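In structure tokens, one chain follows: the form deposited in one PDB entry.
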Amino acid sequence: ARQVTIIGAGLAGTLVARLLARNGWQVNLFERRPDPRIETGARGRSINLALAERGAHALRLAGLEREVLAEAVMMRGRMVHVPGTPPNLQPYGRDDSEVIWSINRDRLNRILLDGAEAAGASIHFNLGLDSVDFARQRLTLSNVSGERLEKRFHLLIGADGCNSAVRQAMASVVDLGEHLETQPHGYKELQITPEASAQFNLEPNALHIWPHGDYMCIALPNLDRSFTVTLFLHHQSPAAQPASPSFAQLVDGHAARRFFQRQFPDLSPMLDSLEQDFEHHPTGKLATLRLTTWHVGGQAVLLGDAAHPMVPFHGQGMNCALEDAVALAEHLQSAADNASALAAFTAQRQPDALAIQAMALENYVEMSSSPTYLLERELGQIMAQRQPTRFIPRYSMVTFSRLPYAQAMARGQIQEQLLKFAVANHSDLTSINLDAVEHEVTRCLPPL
């Protein structure tokens, strides 16, 4: 039986542990945090995420989809809250088969842990990777107190998140060709209780957005009708706009309350614990990190956030990480050797990770910050109606299909240019020749 050591019992690491263990690999998975399945007297994490077709299909292959979906809330569409305008749902797809699912992060992680153990993986908690000696094939782990433990390894999988210790260890034996693109927005998680969401008639089966140009709020529903709200706001005000809102200006919870009362007046009354949440929940950091290299020979490989940190504006990081886990297990299972598997996995996934990193950055303006847009959207709908196997909106290709991200991006670019050019010198749809636009669709977009 082939042996593997996985660092990080998060989403990708646990899924790849199950896929490999059920194929007979001897799997040891190491996690810095305690086992979340061991109930303590501490209050649990209300953190949630959007599960889409890529993630759901990965869970389906693993035999875990039904269990995960049993505690997921359907989000049929985007509910945009602009003061004055009544909120009106913008459906994501054609029917309820084209939806996204809101799931509690910790619940997803517990289901994956049970799944990895049921397949035969051994999971070791309270052990964070500190260093790797590639030449001697040993690694060093430690608990929070720094009590060290050394282990021999044969194949090392870094599924240890955006601040990957495996990636840091690889960077000492190979040039990873890392390019870091910092994101000016920080984030803060806030809560809407079930009583407040019901009192204000906040739709449970939708993804909610409060756009505000350079900043915005989003909310995802929970099974109990509470919502987790995320504020995206610049860490600091730029030199060009010193007065512009930023986390630096929000000195305490009371300052945060005044900011919400002014900028998000229909949201502030639903946020009963705004002051406490603001002061007790730390401000998160966002970034895009691109690597030229994801592996060291046949010895180690990165996947998920360890390989390609991305901004969260498309809700695709976990989806991508689960898609990576499937691809990695498939390559490892069937390759001539580990070195061939890792090189093939990297070559296949790198262009797709670059594509979703670029599309995630682009989705921010779509959510937060039109006259030409409406006519383009209108013409796009007719083209999707006339040619449903050729004209598929980029959001649908990314969210509801398994088309490689790079292909979704390439087809999306053709569509965006086609629409932009077609509407360019026209006031309305009546002056636009629909057959000439459809001609371009049949000429430039092969059927899927």
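One-based numbering along the sequence shown. We call the rigid core whatever largest set of C-alpha positions still superposes within 1.5 Å between the two forms.
The stretch of deposited sequence separating residue 369 from residue 370 contains 1 to 3 residues lacking coordinates in this entry. Higher average CA B factor: 90 to 98, of the stretches 112 to 120 and 90 to 98. 25 to 33 and 406 to 414 differ in mean CA B-factor, and the higher of the two is recorded for 406 to 414. In this structure the maximum Cα B-factor among 63, 55, 44, 41 is found at 44. In the deposited coordinates, the residue among 324, 330, 130, 378 with the greatest CA B-factor is 378. When the CA B factors of the chain's modelled residues are split into thirds, the value for residue 244 lands in the highest one. Among all modelled residues in this chain, the alpha-carbon of residue 253 has a temperature factor (C-alpha) in the highest third.
Sort the modelled residues of the chain by CA B factor and residue 149 lands in the highest third. The PDB entry assigns residue 340 a C-alpha temperature factor belonging to the middle third of its chain's modelled residues. Residue 160: CA B factor in the lowest third of modelled residues in this chain (values from the PDB entry).
One more form of this protein, deposited in another entry, exists but is not displayed; see below.
Residue displacement note: residue 35 has its CA displaced by under 2 Å between this form and the one not shown (rigid core superposed).
Shown in the overlay between this form and the one not shown, fitted on the rigid core, is a CA shift at residue 375 of 2 Å or greater.
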